[PDB]
Structures are given as structure tokens and as C-alpha cells.
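This document contains two forms of one protein chain, each encoded as C-alpha cells and listed individually as structure 1 and structure 2.
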Structure 1
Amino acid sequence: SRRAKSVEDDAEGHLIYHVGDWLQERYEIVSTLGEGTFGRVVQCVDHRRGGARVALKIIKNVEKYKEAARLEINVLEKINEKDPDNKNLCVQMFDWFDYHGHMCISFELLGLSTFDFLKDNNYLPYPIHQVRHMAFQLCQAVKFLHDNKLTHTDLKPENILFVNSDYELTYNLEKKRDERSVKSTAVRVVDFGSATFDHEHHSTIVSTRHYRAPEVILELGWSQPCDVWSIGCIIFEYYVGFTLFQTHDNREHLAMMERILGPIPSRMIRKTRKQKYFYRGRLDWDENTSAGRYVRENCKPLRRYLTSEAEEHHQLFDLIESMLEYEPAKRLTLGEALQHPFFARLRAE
């Protein structure tokens, strides 16, 4: 139990449970796996399914999370309908139910997220062959969503889980050290609480800050392309170990974009209602100030992050660069991404 830090606290609205409790004479609670804003993810034995080990997402008894859960359930039912064998790499839902105001969703049990493995491993970047396979599966799973009129909107390393996050301590002679390496790079995409059908109401602000597309920031409307932007940032992150856009501020974010990617298109600058960020038709950002120095020193043009001159590394950056195109309509689609030369070192299953 932790200390509450404000009136509106994240600790409020959870279902109280203790290890060993059974929910609905069915789900025996084995351990707590994580806590997000929505509630908790718990490991359970499902006793009405041969004792299968499952992940149970127990949602807070708070209306906004209860609403998000209903939308997620609807999205997962679509996923199950269109992908009965659970082949398109989005997490499989088994069952859902209302427990005294707390929505509960049952999923296949999975390992640590691609973020948490990275974090626990000292942010040591994934080797490129792992980046390739992880990125490929990510593009497959989200392409499936894009084919069925869906946009995830909150893609990030925390929402990409290893099927099994077991690792090997392999010997690295170059550094005279031992290093952790995940044995299997099979992944699933999770958390569909923000996933939006083409025809549904679009929230103005979507995505976690680091993964947010420029059309979202400038409020130009967003659809599937904003997922591709997120994927571009995620892939970069797998390759170097740190976020591409380390910021929490629109103006700074947009400045970092310009520094990493070049000037924002005029069409977007003139169209946006966020005129506050612009002066005389260009980003209102003084590079010569202390704020400007920070951006100049802590990020650089995208390609300069290459840690090797080998063609397969350049191919990776061709991929990222195409995903981080400013204009959503010019940005690489996920169907195009799967045909990209970077992935070639894989043969169809």
C-alpha cells in the first residue's frame, strides 16, 4: 500500500483484493502484474477453464474508465470476430464481465512489455535483428486494425508485450561484459481503451506525449496515419534505447521536430488554430535562448543517430524517416511498411 498524494489520486476507485481471493467463484488471484490509470492487471487461475493462467484487467469503478472499458471490449470483440485464431498479433480476450461496478476483462497471459524489458536491462538498445522482428510484428498487428477501420491512438513500448520475456545472459566479447537478450521476440499489442473506429467521436488529444503526431498537436484532425507516427518513434526507441521526443510541451515538441526532421510544412502552420506557437508563418522559437540551446544540444537530425554505416541500418532509418513524415496524407501507410526493404531479411510464414 502506497501514500495518497492528492484528492484526485490514481489509487482511488480500484477493487480491493488479496492474493488468494476468488472472483465470482472462478478467478483465483495469484499476483498483481501492473497498475495503469484504468485499474490493475492481475494474474489469475481460471478454474472454469481447466485452471488456465490468465491476465485479468480489473477496471476502476469510475465512469470515465468504465466508458473506456466498454469501447475496448467492443474493439476486442471485433478483433476476435475478424481474427478467430488470434493470428494478427493483437492480444486475445477470453471473457468480460461487470463485478460490482468494476469491469473485468480476461486475456491470455503475457510477459513483460518491450519497454520494461528495456528499462530493467539498463536501456541497452535492442540489437537490429530484434528491432526488425519487433517492428515487423508491430506493423502487422496495427495494419490489421487499419484494415478494419480502427486507430489504436496510444501505441507505445509499454503496450507491446513479449509473449515470453525470458532472457539469456549472452557473452559480449567487445565490451568484456555479459548482456541480457530476450530469447523470443514474439509480441502482442495491448490496451484498446482508446482505440477509435473511423465513424466514432475522435478525441482532440490522443497518444502519450512522446508518440504524438504533429497533426494531433496542431489539432488538424487525425486518423490511421497518427499510429504510423507513433510506430516510427517506437522503432527509433528500440534502436537507441531512449525516447526520440523527450519533452512535455507543445512548443518544445514542435521545436524538437524541426531540429530532428526539418521545418514544419506551411500548410499545417497556416491551417492550425494553434497560432500561439507561430510567428510570421513559421515556428515562434528562438534557438539562441537557453530553451533553444537545450533543444539544439539534446537532439539532432534523425539520420545522425545511426550507430553504424551498414546498409541494413540505413534501411531502418529509411523506414523511420518515412513514418515521421509531417503530412499525414504523405506518411508511409502500414501496408507499404510491410513491403519495406528493411524487413526483407525475413521470409513469409
Structure 2
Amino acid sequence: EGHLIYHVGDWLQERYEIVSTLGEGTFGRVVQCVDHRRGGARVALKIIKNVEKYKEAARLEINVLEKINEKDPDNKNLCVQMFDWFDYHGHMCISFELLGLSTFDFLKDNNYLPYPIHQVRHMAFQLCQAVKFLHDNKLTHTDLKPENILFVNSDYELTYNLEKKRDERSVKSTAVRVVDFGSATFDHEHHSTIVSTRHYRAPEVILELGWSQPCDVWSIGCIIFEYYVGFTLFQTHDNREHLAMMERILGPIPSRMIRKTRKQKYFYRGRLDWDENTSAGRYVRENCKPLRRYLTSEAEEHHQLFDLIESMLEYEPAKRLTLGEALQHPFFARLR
């Protein structure tokens, strides 16, 4: 498949002693290494497949990662640090700071039982800070999701949930980092027509009306919801169904966006061409509901969170909350 074959103990660059495999994917593999040129510091080495397209994609990430480091010498940006990069016999290798499991991995290991609201607040704040940094530097991440947000340390402690009568895993530290900048696009760069993983895709991306920074905010909205409930907001792999789910959860699509889109097969009489009476329409009715019906409590802090999610899930990209605004939200008031 083009993967680099390696054994526990191998030395790349005569520098990186392989300890274990941290991750795996279609990009390649991530390996924990002892960096003998950095005092024996444990690093995370992303080894990209020996494949033309993935190599060219890795170089674009390296370009973003170099801009990330440049514009953040003190490492306050909450984006993953690249310490080194090199070309190893066709394999692009990137040396990262060692982190923990993804916020998805942790949620999954916790039976998809949601994060506590106080942890959601700290996770959401850091997410907004990290992407705002990118937004300030003329960048859009495009591929934001629980998998691309990692805990710095994913060590947990067992905590009883008196309500659900179950034991829950609670991460000791909620410090997170944003990873995977392979899709990151500069303002001047060639924008792809379709971006984001399905579940976190903004409606302007679906309707192909052009996209920039606002589409990241839409993703962050979905992610934060997922942190609060446990399951993904839009569970679908179909455009027309996705748009129907959007309408049920958030209300009608703005008339201007229907008017402007070329995706006119999805629309009839200036409204969404969706029949709720079908078995597909009934499925949408029984698998999702208006956004605020997902509240686990009526306490003020829970309502403030959904004020934030709702503002982030504004249909119109230009009318959508910016991340500079997001950090000023009443929901983040009780943080140091």
C-alpha cells in the first residue's frame, strides 16, 4: 500500500529510535520516537506513504506548520508543534510534540458518554483560540473534527455518574491541540470546491457558494455539540438529507442561499425539495430534532452553551459568529 515497513527499535536519520505506533490512516502512520538529537525527547513522527499525492499533500501541511511556528515562537497558539521535517526515501516525515489521544478516541473509549459541561467549556475555548490564530493569519483549517483535536495528556480518572448509574472516564487535564493541517488553505490559495468531513460541512460548502473562515466556525459548532451530547449532530452521507436535517434542527434555509446556489435539484418552489412523509423523511424526524431539545439541564450555563452553538450554526456565512466574537461569549465567563 506504500507504507514504510519498520520494527520497534529502527533508526531513521540516525536520530529517531522507534518506540511504538501512535496512529494509523490513509496518510500513513504516526510513531513515538526517541529524538537522540534533542536530548532523548519523545517525539511523534508522522511518516507519510511513498505515494505521489500524499507527498504533495504533506508538503502543503509542512508549509502551514512552518507558518504556524513562525507566527508563534512561544507556543501559545494551541496548534500542534512541528519540531522537524524531512524526506526519507520518498516518505515525508514530520516530527511533532508528543500528545495524547484524540477527543474522539477518548469519547469512544468512554462509551460515547458526553463530556461534562465544565470540561466542554475549557475544550471549546481552546478550540476557538487555536482556530482564531489560524483565522488571524489568513488561514482556514477546513477539516475540523473530534479526531483532529488531541488532548495533551489523555490520562483519566474514574468518576461515577449518579444520574446514569454508570462509571465515566474523566480526563485529568483538558488541554487540547489542533492537528492535521493537510487541508489548511490560505486566502490567496486555490480553494477546493468541496471541503470538510461530511458531518462537519458548512451549508455554503454544500451549496457551493464559496467558502472561507466562517466554514470552520460551523464545524466547531458541530464539534462542541458532539462534546455535549456524545453523538454527531449530522449523521448522514447524502446532500439532500443533510440539508433536511439542517432544516429540522435549525429551521428553514435562508431564501437568499436557495436563490444563489446552483444546487437547484435540491430545491422546489424556492424551498427545500424534501418530503417529510417518506421513510427517509420519517427517519430524519426520529433521529434528530430542533437544536435546544438536546438540553440535559435547564440551568443557565447549559442555555449559554446552546446560545453559542446556535450562533455558530448560523446559515449565512457572513452573518455567522466569528471566533474573535466567540471568545467573548457569556459561556466562557467562568474561566481563568
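Residue positions are counted from 1 along structure 1's sequence. Here, rigid core means the biggest group of C-alpha atoms that superpose within 1.5 Å across both forms. Residues that one form lacks are left out of the comparison.
Of the residues checked (248, 100, 199, 175), the rigid-core alignment between the two structures shows a Cα shift of at least 2 Å for 175 alone. Structural comparison between the two structures after rigid-core fitting shows the C-alpha of residue 36 displaced 2.1 Å. When the rigid core is fitted, residue 280 shows a C-alpha shift of 1.5 Å between the two structures. Aligning the rigid core leaves the CA of residue 220 displaced by 0.6 Å between the two structures.
Fitting the two forms on their rigid core shows CA movement of 2 Å or more between the two structures over just one run of at least three residues, at 170-179.
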